[PDB]
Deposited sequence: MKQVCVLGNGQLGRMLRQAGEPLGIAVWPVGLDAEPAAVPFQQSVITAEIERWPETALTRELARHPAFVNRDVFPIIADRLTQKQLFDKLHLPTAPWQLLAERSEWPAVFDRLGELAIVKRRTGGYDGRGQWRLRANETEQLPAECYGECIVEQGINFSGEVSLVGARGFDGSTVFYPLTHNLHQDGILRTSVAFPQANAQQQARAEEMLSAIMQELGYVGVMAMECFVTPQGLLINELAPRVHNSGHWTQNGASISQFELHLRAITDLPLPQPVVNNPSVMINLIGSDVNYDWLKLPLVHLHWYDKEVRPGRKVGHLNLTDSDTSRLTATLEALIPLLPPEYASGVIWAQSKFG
């Protein structure tokens, strides 16, 4: 048979497993605490839903696996420094960055970057927006452990989701409009036909990247939409949240796409006929009333509900835009008030 093991017990793994079953592919998602003896790792291909991991007996063994795809790619991506660096080596648009070592760097820093400064964690994610006077508002921890970027005034956020096969073939989904709030992805909108020039450009970028990396499987690229054009923000070496829509909006979902690649399967270009809307469910309980709207696709992760925690998502796709928008509106009252903003935002796209 076809057998895969996924490093990580998360919802992504879950979704990957779900995607594989019908395909005859057996996915065994697995947590770091996992004993080597419980995983059939010795007989499968390995993938991961996580960028980095502790050194356990298992992870240790996976260190010498002739089948841990992209195993060595991770480390570069895992680190925001080397990542940013990667962009630089490729001559790909990105926000002016520096490593934040000394406090003895601040003056210049606020000099290079200007007014506002955005700081993030090199690893494990993680973002502080400081000004010339907030400078001591930050931990000393972040010294040579955090990066520093120019505050970017973008007009929109987009994400590019695609895959590269073992033969270098690549496929892409259309660009996805993303809405973050309090640094969390709240809402996504995907149009069957994105802006040609935008799409092309992004594809160029993502491809340069994946090939330079030698990357195999699905990877996502977060970008900013600027008057000066697109700028790469972040890279995710795995299926990404902003593509969850593909489960019901494309002929091949991302999870599927991933599996295909790593399992040496056909990687044709997925069909996308209609727009989709994804609603992230953050720290809310399941309201089966949502299921009254026929266009709604509930994806419940089955995790303990808790504040700020991603517990599921709602997938909405249809041919009728009216029907599509009416569903959204009807949703408002079925969701806690904090959801209203995103819903509306998405709604605004169909105007």
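In this chain the deposited sequence has one gap in the coordinates, at 126-129.
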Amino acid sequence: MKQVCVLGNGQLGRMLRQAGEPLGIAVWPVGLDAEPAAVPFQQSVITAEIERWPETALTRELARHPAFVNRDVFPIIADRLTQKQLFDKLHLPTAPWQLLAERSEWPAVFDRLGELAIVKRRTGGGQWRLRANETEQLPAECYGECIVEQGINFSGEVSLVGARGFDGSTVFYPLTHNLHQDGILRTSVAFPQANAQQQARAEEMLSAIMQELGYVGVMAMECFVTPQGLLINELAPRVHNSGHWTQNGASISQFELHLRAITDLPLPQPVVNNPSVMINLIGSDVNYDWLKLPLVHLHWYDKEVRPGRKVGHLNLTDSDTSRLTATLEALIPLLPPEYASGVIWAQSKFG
From here on, numbers count along this sequence of modelled residues.
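Remark: stretch with higher mean C-alpha B factor among 168-176 and 238-246 is 168-176. The question of which stretch, 203-211 or 146-154, has the higher mean Cα B factor is settled in favour of 146-154. Per the PDB record, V225 has a higher Cα B-factor than any other of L267, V225, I184, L86. Of all the options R112, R260, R122, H91, the entry's greatest CA B-factor is assigned to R112.
Placement of the Cα temperature factor of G217 within the chain: lowest third of the modelled residues, per the deposited record.
Annotation for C5: CA B-factor lies in the lowest third of the chain's modelled residues.
Among all modelled residues in its chain, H313 ranks in the lowest third by Cα B-factor. Sort the modelled residues of the chain by CA B factor and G24 lands in the highest third. Annotation for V296: C-alpha temperature factor in the lowest third relative to the rest of the modelled chain, per the entry.
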